[PDB]
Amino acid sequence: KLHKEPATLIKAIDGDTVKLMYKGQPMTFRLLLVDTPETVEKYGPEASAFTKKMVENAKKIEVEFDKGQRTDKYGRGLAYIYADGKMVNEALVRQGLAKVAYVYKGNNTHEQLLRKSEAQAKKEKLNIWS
């Protein structure tokens, strides 16, 4: 079973990357299973703003590692980030501000959930899907 761990926001970089204090040390996290537009790509600024707003206004930030590899080649943690219980990864996808990325090294626990939301956002021709 996956476990949520508290973190404290340090700095939101862009749509899919956040800087957090995790276990008494700063660390950069790359949001699992999502590909947001890079800031400046169409919708890049919107995905960045959405992620920033979501994590700054949160009272509680939690990180949840998946069952596969926990860090990428650049040393970024790979996790699902929760802001007051709401998963940022899913929130971005549901809003049409990101696409579900290909599974990476066995980290696929929430792939189905995100695929459903993406289908719906696409069905609503939201943002990236307009």
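Residue positions are given as counts along the sequence shown, with the first one as 1.
Missing deposited residues between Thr71 and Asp72: none, as the chain runs unbroken there.
Mean CA B-factor, 86-94 versus 24-32: the higher value falls on 24-32. Comparing 74-82 with 42-50, the higher mean C-alpha B-factor in the PDB entry belongs to 42-50. In the PDB entry, a CA B factor belonging to the highest third of its chain's modelled residues is recorded for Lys122. Ranked against the other modelled residues of its chain, the C-alpha B-factor of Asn108 as given in the entry falls in the middle third.
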